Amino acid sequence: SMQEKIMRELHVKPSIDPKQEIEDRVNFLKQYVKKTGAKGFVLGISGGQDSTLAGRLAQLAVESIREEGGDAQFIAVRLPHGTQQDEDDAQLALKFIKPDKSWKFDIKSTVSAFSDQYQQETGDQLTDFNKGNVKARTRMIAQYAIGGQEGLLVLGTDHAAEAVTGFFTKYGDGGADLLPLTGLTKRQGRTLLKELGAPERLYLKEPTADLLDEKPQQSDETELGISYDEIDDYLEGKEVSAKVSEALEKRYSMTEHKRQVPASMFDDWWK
């Protein structure tokens, strides 16, 4: 079935061993950064589940590399656009993660300069939806600047429940070097974060991209019209309604371009 194909493409297991998934994903981070010769990792810490989880895995990987006599560091970076409404949850995430370094880059001045230029050149106001993707891409630029300056790889937080819906900005938070959370459903991520000892406030925090000025902290599920638990059931191979399977198989086909390198006439996936 199409559910099985998608499950397999996205690397989703029906059941997991949380402790061994943590070990395997820490080990992937160590293997990849050692293979490449990079000095460690950078990651934007939003206060949300996925970056809290990826951040803690990164910090565990660099601690293990130093325990072996290697040189590795993790830079966590706060990337508010001006005042972030849930700053307290991001600060809670930093207290849990205990990153080597805690940096901050406020993207508001960059985003405002871009938006103001846009209206100057075109005569058109940049709309809230397009400005939200500007913010996500400006966060990518900030993380790659830190990484370029410091010799680090940029972590991404994509996982199967965001992959299957294409619920990320293309070349924004989709732009990253390596992905420790690939294959995890939303609830499986949550299980890892709880096993790592995070408080409920972090592992049960409502998912949000928080990109819009007109509707700050808008829930992902409001935008999707589908819950993460339904997504997660689909991806783990449980039975879902026809409405759920139909809507997710259409969104998956519609967003394949975000899960492939740019299309050329030699590619067969878009045909």
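Definition used throughout: the rigid core is the maximal C-alpha set that superposes within 1.5 Å between two forms. We number the residues from 1 along the sequence you see.
- Taking the rigid core as the alignment reference, the C-alpha atoms of 239 to 247 lie farther on average from the displayed form in 6 other deposited structures of this protein than those of the other stretch among 22 to 30 and 239 to 247.
- Higher mean CA B-factor, judged across 213 to 221 and 52 to 60 from the recorded values: 213 to 221.
- When 260 to 268 is weighed against 4 to 12, 4 to 12 comes out higher, by mean CA B-factor as recorded in the entry.
- Sorting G47, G40, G70, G44 by the CA temperature factor given in the entry leaves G70 at the top.
- When the C-alpha B factors of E162, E195, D88, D100 are read from the deposited coordinates, the top value falls at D88.
- Annotation for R201: C-alpha temperature factor in the highest third relative to the rest of the modelled chain, per the entry.
- Ranked by C-alpha B-factor against the other modelled residues of its chain, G166 falls in the middle third.
- Annotation for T83: CA B-factor lies in the highest third of the chain's modelled residues.
- Among the modelled residues of its chain, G123 has a C-alpha B-factor that falls in the highest third, as given in the PDB entry.
- Annotation for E249: CA B-factor lies in the highest third of the chain's modelled residues.
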